[PDB]
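Visitor: take a look and give me a structure for this.
(5 chains)
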Amino acid sequence: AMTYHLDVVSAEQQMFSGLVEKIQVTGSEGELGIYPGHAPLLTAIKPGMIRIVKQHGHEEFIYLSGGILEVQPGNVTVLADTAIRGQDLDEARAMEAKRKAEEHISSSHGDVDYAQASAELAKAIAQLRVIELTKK
Amino acid sequence: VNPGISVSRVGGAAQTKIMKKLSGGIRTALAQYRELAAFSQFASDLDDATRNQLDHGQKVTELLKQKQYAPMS
Amino acid sequence: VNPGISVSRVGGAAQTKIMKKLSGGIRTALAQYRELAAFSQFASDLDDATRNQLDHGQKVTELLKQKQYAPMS
Amino acid sequence: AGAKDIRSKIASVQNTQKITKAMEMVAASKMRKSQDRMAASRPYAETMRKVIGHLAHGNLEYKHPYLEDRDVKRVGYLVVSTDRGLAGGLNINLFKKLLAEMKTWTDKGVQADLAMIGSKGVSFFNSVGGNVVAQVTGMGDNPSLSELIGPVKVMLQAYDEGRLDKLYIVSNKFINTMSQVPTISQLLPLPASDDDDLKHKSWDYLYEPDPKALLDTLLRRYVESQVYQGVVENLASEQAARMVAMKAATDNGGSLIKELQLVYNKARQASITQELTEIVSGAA
Amino acid sequence: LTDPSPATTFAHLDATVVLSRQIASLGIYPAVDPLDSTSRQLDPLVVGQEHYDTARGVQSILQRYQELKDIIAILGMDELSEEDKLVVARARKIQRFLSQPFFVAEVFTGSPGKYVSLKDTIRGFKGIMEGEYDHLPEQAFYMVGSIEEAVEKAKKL
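Guide: Numbering: from 1, shown residues only, chains lettered A, B, ... in the order given. Sure, structure below:
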C-alpha cells in the first residue's frame, strides 16, 4: 500500500523507493508498527528483510545489510549501510593498510586493452629501427 | 666489437678443459642482458626475475671489459 | 587468393538473375567480416554487429573454402 | 623498404597509428562508461549532509567531536594512484600540485600524514617520499567503501586520534568530459556543514540515539560516498584523456610515413637512378 | 661521404673536421659537426681522465640523449624515467654551454665572443657534470661564455 513516499537510498546509488503505506519491520528500538502517519523521528535498522505494504498493497520483505532510516514529518526514505562498517576490520585492515603501507601493497587495472596494449608497448614501441632514420 | 654478429667457426674447442669447461653462458646474456634490454621497450615493464637478468644480464654485463690496450692472462 | 584485390573486368556482367541478381552482396560484406573482425582484438567487445557479422561473415567465410579439384554447380 | 627499411619501418608506423587508433576507440568506450559510471556515487552522501544540517540547526546545539577533525600535530594527506595507464598526466598535474602543497605544509612546517591509494602515487609518494601510514593501491575501476574500510579506519585512528589536524585530500575528476578536474583538498577540516543546520529541524525528529555517534560513523558515510563520486570522476577524467592521448598517438606516425615516402619514393627515384647508372655502365 | 674526396680523404688526415648544417640546424655559433672528429693526440694518459674521462662521459651522454630521441619522439618524452630528463637536461644545458662566445664571432655574429681556456673547460665540465649550477638556462649555456661567464649569465641569465 502506498503512503508517504517511501524511498530507499544507498551511498553509491539509491537502493529503492516508492510509497509504502505500511512498512512492516522491527526498529532497532523494537517491533515497529507498519504505519502511515508516524511523526518526525530518526531511526536505524540492522540487516534483514522487512515486508512492507508499499504502493498499491504491494508488501514485500527486503533483506538489509544494516543501515539507517528515518522520517522527517511525512518524509520517508531509506539508507542502507552497504554493510555495517567492519569493527576492527577497517581498523584491523588499518594495520593491513598500515602493513600495506609498511609491507608494500599494490593493485592495478589490467585490461586486455591495457594488457594487450602494453604488449603493443614493448612490442609496438620496440621494433622501431627507423628510430635512427630521421636526421638534421 | 659486435658479438654474435661476430661469428667464428673455430670456437672454444681450443678453449682448454676449464676454458672448455667454464666458457658457456656467453650468448645467454647476449640473449639475457639484451633480452633484459627488451623489457625497457615497454616503459616500466621489468620483473625482479628479469631484474636478475639485468643482474646477470646487465650487472654481469657490467662485468666484462677489454681496454684500448688489453692483454689477457 | 587476395579477396577482390583480384579484380576482373568482366565479373557478374555474365552473371544471371540468380547469379547477378540473387548472388550479389559478396565482396564488400566480405570486407566487413574482415573489417568486422579487424578492430576486435585491440579495441574489443564487438557486438553482435561484428559478432553477428564478422562471425556470420566468419561462418559464411568458412563456407567459402573450395578445395583443390572442386568444381561448383 | 624504402631500401629494405623505410617501408618495413613505415609499415611498422602503420601498425603504430592503427594500434593507437584502436587505442582511441578502446579508451573512448572506456571514457564513456568511465564518466557514465563515474556519476553514480552521490546519492546517500548528499542525503547525509542535507539532513546533517537539517536536524543540525536545533541538533547542532549539542556537540561536534570532529569540529577539529584530528587535533593539530599533522595536517594530514591522502593519495590515490593509477591502477592502469593511458589516461593522462595527473601524476604531473595532481602529483605536481601535490608536491607543491607539501611544500606549503613545510612552509607551515607542521606535521603531515599521507596515505597511498592507487598504485602509481603509491609509487610517486613512495618515490617522491612522504608519510603514508596506510598505503592502498589500484582498486581498478571499482570504488568500494568496504574496500575503503581497512583504509577507512586506517586513517580514522589518527584523525579520530586527533593526530593530523587538517589533512590533504587529492582526487582527480573529469572537470568536463574535456576538462578533467584533478582536485586536492585540505582534508580533516571540520567539513563544517551548517546549512540545513540553519533551520531548526522543524520536523522534530525523535532520535533513537544521540547524534554524535552518527556524527562519527555517518559522517564517514557522507564524506566516503563523496569519495566514491570523486574518484569515479577521476576515472571519468582518466578514460577520457585516455581516449585523447590514444588518438593523438594514433596520429603521430603519419609524418614518418611521409619521410619513408621520401626513402621509398625518393630512394625509389634513387633506385631508378642507379638502375640507369649501371644499366648504362654494364651496358657500357 | 663515400665520395673519395671525403671517403678517401678520411685516410690522409690526422684529425677529421666537418663544417656542417648540424650545429647550424642546431643554430649553434659553431654551425658545424664535430661529434665524429678525432683528436689523435688526446691520450687518456695525455688527457688524463680530466679530458679523457670527461670525454668518455661525452660518448655516453651522446648516446644517452641521442638514444632518448627515439621513444621521446614516439610517445612524446612522457614515458621516460626522469633521469633521462637529467640527460636531456645537461643536453640542452651543457650541450648549449659548448656553444660559446668566440672573439671572431664579431664578424659573422656582429658581437665578438670570448677566448676560452681549457682548465675552465675541465672546471665547468665538472660543474654541469655535477649539474652544479643546474640553474643556468640552456640558453645561458647556449653560446655560453665560460662556466662563470655562463654562470655570470646564470646570475643575470
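
Visitor: residue B:60 contacts residue B:36, correct?
Guide: No: Residue B:60 is beyond contact range of residue B:36, at 10.3 Å (criterion: CB atoms under 8 Å). In short, each C-beta sits where N, CA and C put it, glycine included.

Visitor: pull up the overlap in contacts between these two.
Guide: Each of residue B:29 lies in contact with both residue B:60 and residue B:36 under the rule CB atoms under 8 Å, 6 or more residues apart in numbering or on different chains.

Visitor: more neighbours: those two, which one.
Guide: Neighbours of residue B:60 and residue B:36, each counted by other CB atoms under 10 Å in any protein chain shown, are more numerous for residue B:36; the result is 23 against 17.

Visitor: any idea whether the more buried one is helix, strand or coil?
Guide: Three-state call for residue B:36 (DSSP: H, G, I helix; E, B strand; the rest coil): helix.

Visitor: how about the longest helix anywhere in chain E, which residues are buried there?
Guide: Determined from DSSP state H, the single longest helix within chain E is helix E:48-75. When burial is assessed from 16 or more other CB atoms under 10 Å in any protein chain shown, helix E:48-75 yields the following buried residues: E:50-51, E:54-55, E:58, E:61, E:64-65, E:67-68, E:71-75.

Visitor: same question for stretch E:79-90.
Guide: The neighbour-count check on stretch E:79-90 (16+ other CB under 10 Å) flags E:79, E:80, E:84, E:86, E:87, E:88, E:89, E:90 as buried.

Visitor: wait, does it make contact with chain B?
Guide: Yes: looking at stretch E:79-90 against chain B by CB under 8 Å from any CB of the partner chain, the contacts come from E:79, E:80, E:81.

Visitor: now do the SS call for the nearest residue to residue A:40 once chain neighbours are set aside.
Guide: Sequence neighbours aside, residue D:203 is the residue nearest to residue A:40 in space, at 3.2 Å (criterion: CB to CB, 6 or more residues apart in numbering or on different chains). For residue D:203, the secondary structure call by three-state DSSP comes out as coil.

Visitor: neighbours of residue D:203, how many?
Guide: Other residues near residue D:203 come to 17 when the count uses other CB under 10 Å.

Visitor: and if you look at residue A:42?
Guide: The criterion is other CB under 10 Å. On that basis, residue A:42 has 20 neighbouring residues.

Visitor: look up phi and psi at it.
Guide: According to degrees, to the nearest 10, the main-chain angles of residue A:42 amount to phi -110, psi 150.

Visitor: how far away is it from residue E:32?
Guide: With distances taken as CB to CB, to the nearest Å, residue A:42 is found 84 Å from residue E:32.

Visitor: next one: residue B:9
Guide: The span separating residue B:9 from residue E:32 equals 45 Å under the rule CB to CB.

Visitor: mind jotting down where the helices sit in chain E?
Guide: In order along the chain, chain E carries the following helices (DSSP H): E:6-12, E:21-25, E:48-75, E:82-90, E:96-98, E:105-108, E:118-129, E:138-141, E:147-156.

Visitor: that older thread, which one of residue B:9 and residue E:32 is surrounded by more residues?
Guide: For residue B:9 versus residue E:32, the count of surrounding residues by other CB under 10 Å is larger for residue E:32: 17 against 5.

Visitor: and that one, how far from residue E:97?
Guide: 16 Å.
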